[PDB]
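For reference, the chain that follows is the form deposited in one PDB entry, supplied as structure tokens.
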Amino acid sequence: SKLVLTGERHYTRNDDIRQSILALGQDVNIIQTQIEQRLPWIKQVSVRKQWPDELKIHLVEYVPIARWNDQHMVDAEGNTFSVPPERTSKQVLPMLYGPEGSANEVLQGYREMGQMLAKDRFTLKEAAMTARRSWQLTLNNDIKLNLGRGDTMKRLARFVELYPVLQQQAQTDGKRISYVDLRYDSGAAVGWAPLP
């Protein structure tokens, strides 16, 4: 059972593989599946046996693009997985939120909207879809955008077209923009906060 692991490890420790093999008390198919079953952040694993007494293991992990709800994570391709927080918390990632089957759907929004916002240097820190399919975004500068259920792109354009006049308005009265609520035909409501 002498062990040689190949692959781009970021989350999986040696001791995870050691303790998956030790867990059985052997066959290359059984242990591949067992690594799968005990490491939920493994996407692919191939286990080739090798003389003398070696197990050469190829590991492919999921690669989070975002935290998903809070405890979990989601990769670019819509995969929902979990890493124990101990190994996750030095990372700074965007937060996605959705009801439990909806990662692919939230991620699709997240891409479209984040991409639009990137074109004027706003970046998405959180994006939250509700069961109702209402959308509430958080920018890096902690401005929350309330998009509701409708045309989210059109309302997001409103925010961008209207942001400069809010920033001088905020400058003047010496206050930060707290949120922008775009649940309107053609308008937007702006909540303010004291400066930090």
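Just so we're on the same page, rigid core means the largest C-alpha set that superposes within 1.5 Å between forms. Residues that one form lacks are left out of the comparison. Heads up: residue numbers just count along the shown sequence, starting at 1.
What comes next is about the form deposited in another entry, which does not appear here.
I17: CA moves less than 2 Å between the shown form and the other one after rigid-core fitting.
Core-superposed comparison between the shown form and the other one: CA of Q168 displaced by less than 2 Å. Remark: with the core as the superposition reference, the CA shift of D53 between the shown form and the other one reaches 2 Å or more. Once the core is fitted, the segments that move between the shown form and the other one, counting only runs of three or more residues with each CA displaced by at least 2 angstroms, are 1-4, 50-54, 186-188.
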